[PDB]
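Read the structure below first, then the notes.
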Amino acid sequence: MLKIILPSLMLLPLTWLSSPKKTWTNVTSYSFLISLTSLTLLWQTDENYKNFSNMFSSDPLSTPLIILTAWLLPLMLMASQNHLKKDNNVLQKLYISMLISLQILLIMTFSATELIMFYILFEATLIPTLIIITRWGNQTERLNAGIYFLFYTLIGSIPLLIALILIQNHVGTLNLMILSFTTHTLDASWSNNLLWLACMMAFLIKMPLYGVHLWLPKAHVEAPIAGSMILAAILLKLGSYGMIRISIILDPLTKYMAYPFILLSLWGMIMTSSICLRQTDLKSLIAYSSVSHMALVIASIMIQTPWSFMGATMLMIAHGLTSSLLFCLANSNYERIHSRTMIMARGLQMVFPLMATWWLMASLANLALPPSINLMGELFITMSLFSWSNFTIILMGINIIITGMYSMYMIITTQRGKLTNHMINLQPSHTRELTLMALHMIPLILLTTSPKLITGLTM
Amino acid sequence: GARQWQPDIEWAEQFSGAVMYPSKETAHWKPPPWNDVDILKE
Amino acid sequence: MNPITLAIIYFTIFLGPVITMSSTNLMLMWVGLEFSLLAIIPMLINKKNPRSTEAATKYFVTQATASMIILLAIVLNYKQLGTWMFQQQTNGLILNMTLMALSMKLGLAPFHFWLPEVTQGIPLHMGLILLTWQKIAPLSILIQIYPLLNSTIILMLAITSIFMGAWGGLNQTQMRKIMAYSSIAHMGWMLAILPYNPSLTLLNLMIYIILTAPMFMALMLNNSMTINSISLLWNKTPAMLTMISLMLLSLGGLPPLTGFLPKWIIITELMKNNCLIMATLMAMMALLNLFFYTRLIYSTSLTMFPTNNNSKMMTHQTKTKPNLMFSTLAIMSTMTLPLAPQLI
Amino acid sequence: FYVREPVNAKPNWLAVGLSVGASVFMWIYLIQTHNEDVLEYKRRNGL
Amino acid sequence: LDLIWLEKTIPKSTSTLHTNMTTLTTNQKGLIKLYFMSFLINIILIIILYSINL
Amino acid sequence: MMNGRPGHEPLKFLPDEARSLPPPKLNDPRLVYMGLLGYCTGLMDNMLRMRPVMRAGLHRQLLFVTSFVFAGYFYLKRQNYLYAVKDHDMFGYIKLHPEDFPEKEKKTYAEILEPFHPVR
Amino acid sequence: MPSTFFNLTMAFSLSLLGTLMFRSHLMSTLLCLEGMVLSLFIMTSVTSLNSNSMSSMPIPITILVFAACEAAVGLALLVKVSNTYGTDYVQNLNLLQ
Amino acid sequence: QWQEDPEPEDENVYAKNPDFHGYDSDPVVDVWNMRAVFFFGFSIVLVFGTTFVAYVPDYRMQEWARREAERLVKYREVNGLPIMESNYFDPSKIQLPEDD
Amino acid sequence: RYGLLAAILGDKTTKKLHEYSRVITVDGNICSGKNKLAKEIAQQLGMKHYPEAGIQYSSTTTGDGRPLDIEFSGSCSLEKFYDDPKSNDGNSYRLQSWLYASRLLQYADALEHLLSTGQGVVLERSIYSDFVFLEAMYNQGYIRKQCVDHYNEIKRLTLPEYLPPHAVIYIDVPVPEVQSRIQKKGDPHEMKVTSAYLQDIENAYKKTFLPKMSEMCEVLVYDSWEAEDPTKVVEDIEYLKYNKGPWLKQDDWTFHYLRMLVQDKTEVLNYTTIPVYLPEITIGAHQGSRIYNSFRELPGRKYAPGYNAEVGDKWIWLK
Amino acid sequence: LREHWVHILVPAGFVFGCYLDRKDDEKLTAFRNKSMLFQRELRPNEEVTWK
Ligand SMILES: CCCCCCCCCCCCCCCCCC(=O)OC[C@H](COP(=O)(O)OCCN)OC(=O)CCCCCCCCCCCCCCCCC
Ligand SMILES: Nc1ncnc2c1ncn2[C@@H]1O[C@H](COP(=O)(O)OP(=O)(O)O)[C@@H](O)[C@H]1O
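These protein sequence lines map, in sequence, to chains M, D, N, c, L, d, K, g, O and f. So the first sequence is numbered by the authors' numbering: it starts at 1 and just counts up by one. So the second sequence is numbered by the authors' numbering: it starts at 33 and just counts up by one. So the third sequence is numbered by the authors' numbering: it starts at 1 and just counts up by one. So the fourth sequence is numbered by the authors' numbering: it starts at 29 and just counts up by one. So the fifth sequence is numbered by the authors' numbering: it starts at 553 and just counts up by one. So the sixth sequence is numbered by the authors' numbering: it starts at 1 and just counts up by one. So the seventh sequence is numbered by the authors' numbering: it starts at 1 and just counts up by one. So the eighth sequence is numbered by the authors' numbering: it starts at 52 and just counts up by one. So the ninth sequence is numbered by the authors' numbering: it starts at 37 and just counts up by one. So the tenth sequence is numbered by the authors' numbering: it starts at 7 and just counts up by one.
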């Protein structure tokens, strides 16, 4: 997998060497094709995972993501052509390159055989992200948000560093292939009960768990649209990908060491879903929607039943695409409105007829409408959770009712009701804004036709 | 129409002073002379 | 300085560490340490500002008593073994003295009070020498005697330094002292692995030298001893803003940059030796060091602090360039990580 | 032009010739070392 | 529970714990006598650390 | 560590014994990296000194890309040796002190009985 | 000798306690500092003499020669201080705080 | 008070360039930055990509297994063998701990 | 550039110094016909006559030398100084701070010419004499107390390093007669200036500048009549004995370091940009970024001297 | 190759990429055809099973 990567690196030379006026089209047009080369990995006509080479591999779980990581770079670069079009021609070429490095790094992290290669690349992604959030962040508080995003991930990260070096000594190689075909069975000691927490905690932090998710609402609030898309679509899912490949070892402990997180997540799912119900900042509501719909995932990567896992793989890819779509349209309202407040800007369909159709489809993806991969995902996690304990439906049942309420409230108070009297007149929709959306949903429609590709390792 | 908030004078002020997190007494501390030379003489 | 004097002094400041390293007769190692003490004091008071005399008089007393303690260890050994050099048989107290003494000259842990203060009153230039070409000498003496020193003490001085360095740095706003504090911290990691794998001490030093030497020549390019002063870097010289950003995050352990390797292999070696208690606590507060590094990042790069009108005047005039060493030592430092296996 | 002329306007032609010439000595020694090396390796071992 | 209790406990507390710890460790007179004595204390403790673990 | 080994060359860079090892291919990814590492140093310099970034010092750019690379071949040549000594040393010991590193028989899974924790 | 070697060693520790417990004048310290060099010189000379190790007598003196200059530097700093403050009290050396 | 700029207004890019596509202010760059984005975006990724992904053959073997079952079910049923025997790894191969 | 290599191998300032080689400043009120005297004295001993420091003196100093736009040169107007005293934006303090930076550049350029060529220096008003304008400005409502402290801090940080004027000349004409001198020169901004403000300027010299410098250098007071007679004044300069003053201790090995300072303009005014945030001085990040990101794009300024092709530089690919 | 030297950057990466990914194979070619499930015997005039 060096075509999904080397051609990517070369994007950096192109963003720099290219003309200031033509820099945007060379980069966006080329990474669209970079995504097309990424599609070749999907050709698995057999079960055997595709070990491209010693360090680089792609199995069913990584492949559905590498393609998404390559896909969003085009979109990210199309959603940030407006803001970042007021810059000095060298601030742009830095932002474009920053976005380019994220997927170079993220493509490799999702396509990495050695778990510590994951760690080095895993924690590197913070550098590009922190720059995108802090340097171009509009609000006074991004310095703070950046600190929260760096420390919560970093304090979790050093325990994983110690744990992975620890298993290398215990087993003798951090190669995901071998670690899988070798006998690593923890022994339920008090210490192992700590190892397990060391490995999972760093992944559980960037996958916002109810206890440590305050970093994500603060980060996406002041982050520029491209950073918020990356955090929701690819960055948070780095934590999920890690939990799937790391729990191959630590096989016995999670049977009983998971209860704490599972309950934290399911109760967390309800409270995070509910506070979405009365949050005035739209970007705030989407972020907590992201916490709740990701709290379902940590509760399926821990129950560990075949269906959970691919419920997880289905939902992660699906929610990634949906969340961005929501964060992308939130930005389009923010740029004309100039405020994140949900109460202002009422009635837009009256003035932006189509964006409202995109808003409606994004919300229906947000809630579980049935001919969507989003529902298949939740339906499956719901099933397994029920298997874990029939009572789980109650808590995963209060979340579904709340999820319907906030998803439609975003449509009802942003895209319906009487028009706002006279905010700065809202200029019509650009074709870029609409495509950036179409590019998010057309793939959501196509993937829903053949869900098999994003089903995970389990199935 | 947007101005990512660049730091104003007040945000800058805190970083002055001989200690970032000033203590009740350490608050009295005064930034050392920029020239690295002091006024005392007698 | 009459250029002749400059030569004699500089030769001594350079013959000082070199005799230490080359000789085996400890005595000759002691006088190597003694010269370094004599040569550095003249340069320290070059401005001869009231702050400077204070600096040198502290540096000298701290250095002198430690030098006398190191000599006492050699004198005692001479009577416990006729040899003029530490051996397997050496009384444990004899070696511990040498650790404390040498940990004072290097300024590690509970003897970390002199360094921040002398780093504050000396010029940026002599600051570098006082931080990096004066640590080579004592460390050489320790690295030579590693097989014999105590694992317990070193670790305590190691951990303490890491903490003191980190905590001290958080509050400081003067750059010279932020660096002094960082050096205490890095010096700590170095002395942690000495008993186990000296060869890694020599890596955690070089990398510190290849990181600090560019960082200081950066601080002086604009001769800013204040963060507020380095924050207006964007107006005085915009290009160094990019690398100053990476070098400081490299000084802390963040993974893509070269700075991770020293911490990573030291942790790998300590876990190989089973100190998974000690290594863990060190790595954790090591994370405190990055917080103050990033706070500076914020002021200098990620956020643009307001500047005075006269800054436009300094822009007009051609900026005297930074030596080539900056580049070669900025890149070899910010990004060599892809080449770690051969470094270790 | 400039009221205060640059010190670098016309190239330091020494700095070119020791910069260019030095690099071409590096290669001719480097490439030499490799082929020479390869041989030593081959003869010192079986081939 | 969001905002105050989950921000005062984990994110903010760790902020304060350190802030306070730096304030005590870095509030130093700057006088040499004080500092030096501390060197005295250290020598004493290390002398003991060796002694008791002889 | 590896110092104190019999025959150690007290101050030599790469003992001739390292002749026996294969020479590093000049295009070894690493040496090529050092090259890029170098080009960047050059470009960076131009930038910090405020010169046209790429179109200036085309002589220097060469000195850099060619100094770093030169250094590489001769360094890697050594680091390669050091690692090679490590095996000579390591493998030898495994034998000279055989009992301590005994070959082990691993029972076919048929025989071994790892317990099965059910997920249910 | 074994008995005496103790006295000299404690002399060095009593001189150690002195230099690590300042009080007013610095010249006192530097003076104390020298008390150690004498104790080291005496101990080095004593053992060299009862080990009949003549090859080592060079050291007892090298110790003094280096110690003398060391002290020369120390006093020049001292003179520099009572030229900038004129009272040589370790008390006023606190600008660096 | 210190000197700083007065708030910059955001232009109605739709006032000039009434055909603004949202990519860049000058018109030709805009046209050529959508003529290449709709094309490389939709026309040869959503179309050629979906074509290729649709034609990936027997992805993860699930087109092979619906036949292998059919000949196994064909073979097992006609020869009278159990369709899915109840132990997979044959009991004979296993060497159960004898005592316990 | 000059370095210890050059110092070690010849290139000593001592052997380049001669009787006519001194730093001579002539200071007076807003209108002392000072200009003529200087150029006259200059003509006498061949002294390089430096003109009075200006807003764009630094731009004439650097690169092309064409005058810079006001905002590029710090947005200072002497013109606005006068028509709008005690202005809300404080153009008067910004004018004074830029003026101090300009003379700092001029004095340093003068010292560089003195130690290299050995030709003596006439620079009109000096940094030492600049304070009289600020003293008078604080005496009236022009500047507030802190503003004064900020200038004093910059003065204390940078002025001591440079050696003092060898001799200072004082072309004095009374408070009333300068205002009539002002009345006939044409600019209207110079006209209508406060008589009391002019009172405070010359009073500040007499009270502080001449006595202070009366030991640091040979002050030569001249009344208007002695003035307009460059010959006589020139004669007197050639008459005074350059003995009393700090210049006596400047051995060659001491001059070298001073030379290497003035040789580096970026340092000469290093402390002129100290991060003290008084409101008038502050660029402001958004405005400052635009002003820098605009000044740096001017032809020949994008890159270092010798490397920008716009103005016709060549050989960049080998430099 | 003029004014089009910035359009052939990324494409070239691809080729180089493919050049390496087919070179990695060349290295990892043990068990070329020595695997159990796929150990056919060489068909006449065929050098190796998979290249
Ligand atoms: C592993 C990934 C690690 C992280 C990589 C991405 C982050 C790189 C580090 C960025 C750190 C600084 C962030 C803030 C920078 C602010 C820059 C700025 O304010 O602009 C001015 C600056 C200098 O300006 P000048 O070039 O003189 O001309 C313009 C004058 N206004 O303008 C400049 O400085 C221009 C040159 C900037 C440097 C270019 C770097 C491009 C991005 C490098 C990505 C490398 C990705 C490597 C991936 C490896 C995968 C294995
Ligand atoms: N620090 C200062 N503040 C305000 N104005 C100043 C300052 N320094 C010089 N000037 C201006 O310089 C003018 C006097 O210069 P002038 O005598 O006309 O030059 P010339 O020497 O060519 O005759 C005064 O009007 C005064 O405003």
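For every residue, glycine included, the Cβ atom is placed at its ideal position computed from N, Cα and C.
What ranges does the alpha helix (DSSP H) occupy inside the stretch 171-207 of chain O, keeping only unbroken runs of at least 4 residues that lie completely in it? 181-194
DSSP three-state call for M:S53: helix, strand or coil? Mapped onto the first sequence, residue 53 of chain M falls at position 53. DSSP places M:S53 in coil when its eight states are reduced to three.
Identify the contact partners of M:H422 in chain D, using a Cβ-Cβ distance below 7 Å as the criterion. Stepping through the first sequence from its first residue, residue 422 of chain M is reached at position 422. Neighbours of M:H422 on chain D: none; closest Cβ ~17 Å, over 7 Å.
Any contact between the stretch 366-381 of chain M and the stretch 403-412 of chain M? By contact I mean 3 or more CB pairs, one from each, below 8 Å. yes
Residue range of the beta strand (DSSP E) that includes O:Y258: Your numbering for residue 258 of chain O matches position 222 in the ninth sequence. Segment 254-259, the beta strand (DSSP E) holding O:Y258.
For M:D187, count neighbouring Cβ atoms within 10 angstroms of its own Cβ and tell me buried if that reaches 16, exposed if not. Numbered from its first residue, the first sequence carries residue 187 of chain M at position 187. M:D187 is exposed by the Cβ-count criterion.
Whole-angstrom distance between c:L46 and g:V82, CA atom to CA atom: Residue 82 of chain g sits at position 31 when you count from the first residue of the eighth sequence. Residue 46 of chain c sits at position 18 when you count from the first residue of the fourth sequence. Cα-Cα distance, rounded: 51 Å.
Three-state secondary structure (DSSP) at M:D87? Working through the first sequence from its first residue, we reach residue 87 of chain M at position 87. Coil, per DSSP.
Comparing the C-beta of M:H319 with each C-beta of chain g, is any distance below 8 Å? Counting from 1 along the first sequence, the entry for residue 319 of chain M is found at position 319. Not an interface residue.
Compare the C-beta of d:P52 with all C-beta atoms of chain O and state if any pair is closer than 8 Å. Taking the sixth sequence and counting its residues from 1, one reaches residue 52 of chain d at position 52. For d:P52, the answer is yes, since a Cβ of chain O falls inside 8 Å of its Cβ.
Listing by chain order, which chain g residues have their CB less than 9 Å from the CB of M:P74? In the first sequence, the residue the question calls residue 74 of chain M occupies position 74. In chain order: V88, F91, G92, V96.
Boundaries of the beta strand (DSSP E) in which O:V59 is found, first to last residue: As a position in the ninth sequence, residue 59 of chain O is number 23, starting the count at 1. Residues 59-64.
Do N:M179 and N:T132 have their C-beta atoms within less than 8 Å of each other? Translated into the one-based positions of the third sequence, residue 179 of chain N becomes position 179. Translated into the one-based positions of the third sequence, residue 132 of chain N becomes position 132. Not closer than 8 Å, so no.
Between M:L75 and O:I327, what straight-line distance do the alpha-carbon atoms span, to the nearest angstrom? For this step, residue 75 of chain M is matched to residue 75 along the first sequence. For this step, residue 327 of chain O is matched to residue 291 along the ninth sequence. So the alpha carbons of these two residues sit roughly 33 Å apart.
Once the 5 residues before and after O:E346 are set aside, which same chain residues still bring their CB inside 7 Å of it? On the ninth sequence, residue 346 of chain O is found 310 positions in, with the first residue counted as 1. So the list reads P335, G336, once near-sequence residues are dropped.
Spatially closest choice to O:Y93 from O:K338, O:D145, O:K72, O:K122, by CA coordinates: Indexing the ninth sequence from 1 puts residue 93 of chain O at position 57. Out of O:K338, O:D145, O:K72, O:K122, O:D145 has the C-alpha closest to the C-alpha of O:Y93.
Specify whether the stretch 182-202 of chain O and the stretch 125-137 of chain O touch according to this definition: at least 3 beta carbon pairs, one from each stretch, less than 8 Å apart. yes
Anticipated Cβ contact below 8 Å, N:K312 with O:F291, distance rounded: Residue numbering aside, residue 312 of chain N sits at position 312 when the third sequence is read from its first letter. Residue numbering aside, residue 291 of chain O sits at position 255 when the ninth sequence is read from its first letter. With 8 Å as the limit, N:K312 and O:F291 do not qualify as a contact, their Cβ atoms being about 31 Å apart.
Since M:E114 sits in a beta bridge, which residues does DSSP pair it with? As a working mapping, residue 114 of chain M is identified with position 114 in the first sequence. Answer by DSSP bridge pairing, in chain order: M:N175.
Inter-residue CB distance, N:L246 and N:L233 (contact presumed, cutoff 8 Å): Position 246 of the third sequence, counting from 1, holds the residue named residue 246 of chain N. Position 233 of the third sequence, counting from 1, holds the residue named residue 233 of chain N. The Cβ separation is near 14 Å, so there is no contact.
In this structure, what does DSSP give as the bridge partners for O:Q215? If you number the ninth sequence from 1, residue 215 of chain O lands on position 179. The partner list for O:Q215 (beta bridge, DSSP) is empty, contrary to what the question assumes.
Give a yes or no on whether the minimum CB-CB distance between L:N579 and chain D is below 8 Å. Counted from its first residue, the fifth sequence places residue 579 of chain L at position 27. Yes, its Cβ sits closer than 8 Å to a Cβ of chain D.
Rounded to whole angstroms, what's the CA-CA distance from L:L592 to M:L154? Just pull it up for me. Working through the fifth sequence from its first residue, we reach residue 592 of chain L at position 40. Working through the first sequence from its first residue, we reach residue 154 of chain M at position 154. Computed Cα separation, rounded: 38 Å.
So N:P214 and N:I143 are supposed to be a Cβ contact under 8 Å. How far apart are they, rounded? Here residue 214 of chain N is taken as the residue at index 214 of the third sequence, counted from 1. Here residue 143 of chain N is taken as the residue at index 143 of the third sequence, counted from 1. In fact, because the Cβ distance is near 25 Å, the residues do not count as touching under 8 Å.
Any heavy atom of ligand 2 inside 7 Å of the beta-carbon of O:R161? Mapped onto the ninth sequence, residue 161 of chain O falls at position 125. Flag set: Cβ of O:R161 near ligand 2.
Nearest neighbour of M:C199, chosen from M:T173, M:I158, M:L216, M:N169 [CA to CA]: On the first sequence, residue 199 of chain M is found 199 positions in, with the first residue counted as 1. The shortest C-alpha separation from M:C199 is found at M:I158.
Given a threshold of 16 other Cβ atoms within 10 Å of its Cβ, counted over all protein chains shown, does M:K283 qualify as buried or as exposed? On the first sequence, residue 283 of chain M is found 283 positions in, with the first residue counted as 1. Classification of M:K283: buried, given that the 10 Å Cβ count is 16 or more.
With a threshold of 7 Å, establish whether the CB of L:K560 neighbours any heavy atom of ligand 4. Ligand 4 is not among the ligands present in this structure, which contains only ligand 1 and ligand 2.
If we cut at 8 Å on Cβ distances, does D:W61 have a partner in chain K? In the second sequence, residue 61 of chain D corresponds to position 29, counting from 1. Output row for D:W61: interface = yes.
Would you please verify whether the beta carbon of L:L592 is less than 8 Å from any beta carbon of chain K? For the purposes of this step, residue 592 of chain L is taken as residue 40 along the fifth sequence, with counting starting at 1. Yes, its Cβ sits closer than 8 Å to a Cβ of chain K.
Where does the unbroken alpha helix (DSSP H) through d:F116 begin, and where does it stop? Taking the sixth sequence and counting its residues from 1, the one referred to as residue 116 of chain d is at position 116. Per DSSP, d:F116 belongs to no alpha helix (DSSP H) and is neither H nor E.
Members of the stretch 53-68 of chain d that neighbour chain O once the beta carbon cut-off is set at 7 Å: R55, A56, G57, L58, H59
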